[PDB]
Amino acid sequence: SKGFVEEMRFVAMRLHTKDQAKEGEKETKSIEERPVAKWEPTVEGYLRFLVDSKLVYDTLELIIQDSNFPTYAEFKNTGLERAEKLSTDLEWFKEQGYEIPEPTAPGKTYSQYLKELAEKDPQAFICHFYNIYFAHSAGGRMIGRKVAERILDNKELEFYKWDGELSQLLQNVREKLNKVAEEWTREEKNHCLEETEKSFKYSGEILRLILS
């Protein structure tokens, strides 16, 4: 009742583990659901995660920049875009001497699924849009810090930097999400919310690469 973004957040928080957040109701079943403080990332797995994340963000950001669909065009130039930052960070790993892997199935499958939804199901597409970006600025930063401390000697990658002030950029996007949702039917809103589990499933398989 605080606007549709609060409904999306309520549904998403319920899908965390208690090992992740106060409101979480999921059991800790997989290795990527362990408390971040207990994670043991490797640079090799982290690179696979960054490459597979880059494909997903490339897909999201290209869909939005090239679209004339007013729902999608509302989210051009949010300040949250990550594709170029990830390119810079993949460049930094190359100069440190690491070889950059090719995108694997978790990134390819998610990127492919997002294109299909962008063409056919805007309500579902928006749900993934919200969960991918707003996860990254929430638990994603906790993961990035833990990875930086343990294996990167506190390098702060561009992936975890924003050109404006993060909290205002997020609230601007929240307002735009509420704006597009007010032109949806209640069922369409409901379809968006029911999509959240799929977003955790696809994102969860990418996060797992950090630990593989």
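Sequential numbering from 1, following the sequence displayed.
Taking the PDB entry as given, 18-26 carries the higher mean Cα B factor of the two stretches 18-26 and 196-204. When the mean C-alpha temperature factors of 125-133 and 80-88 are read from the deposited coordinates, 80-88 comes out higher. Sorting the modelled residues of the chain by their CA temperature factor places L211 in the highest third. Per the deposited record, the Cα B-factor of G140 falls in the lowest third when ranked against the other modelled residues of its chain. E165: CA B factor in the highest third of modelled residues in this chain (values from the PDB entry). When the modelled residues of the chain are ordered by their C-alpha B factor, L152 lands in the middle third. Ranked by Cα temperature factor within the chain, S53 sits in the middle third according to the deposited record.
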